[PDB]
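Trainee: experimental structure and its sequence below.
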Amino acid sequence: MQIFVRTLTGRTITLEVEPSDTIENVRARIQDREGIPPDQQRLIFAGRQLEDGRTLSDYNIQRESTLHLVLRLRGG
């Protein structure tokens with residue numbers, strides 16, 4: 001299952017994940033690409049905050065789903 005992540009800067013990346021994978025894992029996969037610490041990531045899907053401890057399936061996130069990433073940095 002491939003998903004999309006859009007950074008605060010409007011940069012879209014593609015991650016290979018599974019429904020049973022945690023959002024924590026997704027955050028790590030994002031950091032692997034952008035270099036953004038998971039702790040500085042705010043992930044939102046359908047207006048809902050994506051808790052790292054919960055899974056993609058928990059939020060009904062499927063293939064070709066767009067997760068929105070906001071920076072927790074000052075001014076982000």
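Mentor: The structure has been received and is ready for your questions. Residues are numbered from 1 along each chain as shown.
Trainee: backbone dihedrals for the residue lying closest to residue 39 once chain neighbours are set aside, please?
Mentor: Using CB to CB, 6 or more residues apart in numbering and skipping the chain neighbours, the partner closest in space to residue 39 is residue 72 (7.6 Å). Where you see a C-beta, it was placed from the backbone N, CA and C, and this is true even at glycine. With angles defined as degrees, to the nearest 10, residue 72 sits at phi -90, psi 0.
Trainee: let me know how buried residue 72 is, in neighbour terms.
Mentor: Other residues lying near residue 72 total 12 when counted by other CB atoms under 10 Å.
Trainee: how near is it to residue 6?
Mentor: Separation of residue 72 from residue 6 (CB to CB, to the nearest Å) stands at 16 Å.
Trainee: now swap in residue 64 and tell me
Mentor: 13 Å.
Trainee: more neighbours: which of the two?
Mentor: Neighbours were counted for residue 64 and for residue 6 using other CB under 10 Å; residue 6 has more, 14 against 9.
Trainee: residues contacting the more buried one?
Mentor: Residue 6 sits next to 12, 66, 67, 68, 69 when contact means CB atoms under 8 Å, 6 or more residues apart in numbering.
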